[PDB]
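Each protein sequence line maps, in turn, to chains A and B. So the first sequence is numbered by full-length UniProt numbering: it starts at 634 and just counts up by one. So the second sequence is numbered by full-length UniProt numbering: it starts at 798 and just counts up by one. Every residue gets a Cβ at the ideal spot worked out from N, C-alpha and C, and that includes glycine. Take a look at the structure set out below.
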Amino acid sequence: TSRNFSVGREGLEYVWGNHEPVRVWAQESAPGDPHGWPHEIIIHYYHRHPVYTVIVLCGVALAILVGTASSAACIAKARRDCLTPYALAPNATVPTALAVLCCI
Amino acid sequence: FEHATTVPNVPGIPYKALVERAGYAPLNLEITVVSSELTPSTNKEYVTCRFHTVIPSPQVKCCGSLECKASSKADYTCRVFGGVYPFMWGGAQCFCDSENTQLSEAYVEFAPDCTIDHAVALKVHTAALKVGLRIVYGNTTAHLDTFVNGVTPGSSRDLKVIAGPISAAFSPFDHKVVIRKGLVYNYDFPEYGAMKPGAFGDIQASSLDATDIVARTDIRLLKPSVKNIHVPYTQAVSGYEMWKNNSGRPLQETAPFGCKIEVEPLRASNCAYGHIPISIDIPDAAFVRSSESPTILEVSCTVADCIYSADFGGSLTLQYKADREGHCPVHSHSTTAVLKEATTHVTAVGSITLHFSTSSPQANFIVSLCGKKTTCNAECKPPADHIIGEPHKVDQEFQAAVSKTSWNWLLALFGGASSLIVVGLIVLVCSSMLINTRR
């Protein structure tokens, strides 16, 4: 027959019949590349530590989302501040740099 | 000069350090925990084995009267039966065939083969850890067995060392244990005197030869029925055999942290857990002044193909120019990188190769040769082999286990958000100030 035994970093020790105990330790030979493209790095650090890698990726996504939301909110507030006085008055001879910048 | 450090309790793995005095050449210090012995203090509660149910020969007074007396045997059981009229070989052993009383008697003792196949019940207390250490400093090596408690010192003829306490207390032995032919079990045996039939410890005694044997096997005698003389009884099974059948795996195959449970005395040897704080009073004669050690004029490190495995994966080469021929000590100043060598011969000019084990994807650590440092920078690939038959000699950190490429990516992605919020805040402040100016 064949028996599968998971071996962690702490190690494992198996005794088969009358033989002396045999000890084996798991390396960190995950499939991937820590010095390659981002997907290879994510695969390598997900196979070693899935929970930690998932936490890091979720945190990075949240940081990107909140940064983008903050930038959009600040740009829109700047548009309000620098445009609402000119929208309440006639003949808004506006230098078009502001509108061109924050229209997109 | 006293040096205090915190070695990891992992037998067979040297821990290396460089003690650096103010005005003396740096001295190597390698410490190996050759063996350990986590030994508790035990007191024998009792010994037990298969009981031999000895049945004294029956007696008959068959037109008198008999009364059951009280004895001091183990699980003594006595009864008086009436009309029996027993036969032995002539068909009649009695007169006055009625009112024919017989005394039935039975008790238990230790079986003849119990001097080998017996179990001992023990209660254990706080375990004391004692470590045999091999410590090499400079050129001199010393072996010493020292108690890990924080006070008791180990001494080798000039060297004093005090170790302990262990960072995290641990003991594989539960409060109550049983020893049988060298096999240790964490069984909750009944307390002395609280015998229960059909279970372990149903028969108890202070020793194999003790005459104060006490047992409770639920032996009950029955009234004889067949004409011929015999004494019938029924009794529970030997609790020792029942425990033997349902003993389970011993502690030699269940103790955590992979230490060998040994008997006489009870102990757990070579148990890897926690860290040992050790302070060593290094003798003054060991050090030599820096005016005698060969200072190296310069040194440049280049790392060869490296690999973060459990064994000495990687290698590096130091190209050096010095002023004299000597015995420079080499060290790695990072907590996630350990060299193989400790002292290397040094010439006026040349290059020397050093092997090292690392647990980080990047070999980005400082190597000190005769005190002076060099920053070895490189990239270490993941290991090819999935399983190795040697323990990891370096613990895995968090900030050093993340590769510099992934660190760059994470820093860039976080800095993007940081720059976005900063730019938004600056734009808002500038807009508010411009409004105030043009209000």
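{"Check": "With distances taken Cα to Cα, identify the nearest neighbour of B/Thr898 among B/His849, B/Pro1047, B/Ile1010 and B/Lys858.", "Outcome": "B/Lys858"}
{"Check": "Quick check: the Cα distance between B/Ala1181 and B/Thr1155, rounded to an integer number of angstroms?", "Outcome": "15 Å"}
{"Check": "Considering only DSSP beta bridges, list what B/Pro805 is partnered with.", "Outcome": "B/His1072"}
{"Check": "In angstroms, rounded to a whole number, what distance separates the CA positions of B/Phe970 and B/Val921?", "Outcome": "7 Å"}
{"Check": "For the putative contact between B/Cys1177 and B/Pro1091, defined by C-beta atoms under 8 Å, what is the C-beta separation to the nearest angstrom?", "Outcome": "Wrong, their Cβ atoms sit about 31 Å apart, outside the cutoff."}
{"Check": "If we count Cβ pairs, one from each stretch, closer than 8 Å, do we get three or more for the region 1040-1050 of chain B versus the region 1004-1013 of chain B?", "Outcome": "no"}
{"Check": "State the DSSP-derived secondary structure class of A/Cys736, mapped to helix, strand or coil.", "Outcome": "coil"}
{"Check": "Can you check which of these residues, A/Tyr679, A/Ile697, A/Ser635 and A/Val640, is closest to A/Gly665 by C-alpha distance?", "Outcome": "A/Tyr679"}
{"Check": "Return the first residue and the last residue of the beta strand (DSSP E) that B/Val1146 is part of.", "Outcome": "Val1146 to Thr1155"}
{"Check": "How about B/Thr836 and B/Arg1064: are their beta carbons less than 7 Å apart?", "Outcome": "yes"}
{"Check": "In whole angstroms, what is the alpha-carbon distance linking B/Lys1041 and B/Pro994?", "Outcome": "15 Å"}
{"Check": "Whole angstroms are fine: how far does the CA of B/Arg818 sit from the CA of B/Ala1082?", "Outcome": "13 Å"}
{"Check": "Please report whether the beta-carbon of B/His1072 lies at a distance below 7 Å from any beta-carbon of chain A.", "Outcome": "no"}
{"Check": "Check whether the Cβ atoms of B/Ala916 and B/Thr845 sit closer than 7 Å, and answer yes or no.", "Outcome": "yes"}
{"Check": "When you compare only the Cα positions, how much space is there between B/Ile828 and B/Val804?", "Outcome": "8 Å"}
{"Check": "If B/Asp999 sits next to B/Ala1012, beta carbons under 8 Å apart, how far is it from one beta carbon to the other, in whole angstroms?", "Outcome": "6 Å"}
{"Check": "Roughly how many angstroms lie between the CA atoms of B/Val905 and B/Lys1020, to the nearest whole one?", "Outcome": "20 Å"}
{"Check": "Write down the C-beta distance between A/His672 and A/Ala663 rounded to the nearest angstrom, noting that I regard them as a contact closer than 8 Å.", "Outcome": "Contact doesn't hold; Cβ gap of about 14 Å is too wide."}
{"Check": "When the Cα atoms are used, what is the spatial distance from A/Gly700 to A/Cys736?", "Outcome": "19 Å"}
{"Check": "Is it true that the region 1140-1147 of chain B meets the region 1065-1081 of chain B, where meeting means three or more beta-carbon pairs spaced less than 8 Å apart?", "Outcome": "no"}
{"Check": "Counting only beta-carbon atoms, is A/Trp658 nearer than 7 Å to chain B?", "Outcome": "yes"}
{"Check": "Using a cut-off of 8 Å between C-beta atoms, extract the partners of A/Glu646 located in chain B.", "Outcome": "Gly1055"}
{"Check": "How many Å lie between B/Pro883 and B/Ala1033 at the Cα?", "Outcome": "27 Å"}
{"Check": "For a contact defined as C-beta to C-beta under 7 Å, what are the partners of A/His652 on chain B?", "Outcome": "Going along chain B, no residue has its Cβ under 7 Å from A/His652, so there is no contact; the nearest lies around 14 Å."}
{"Check": "At 7 Å on the CB atoms, spell out the chain A contacts of B/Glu1187, in chain order.", "Outcome": "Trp658"}
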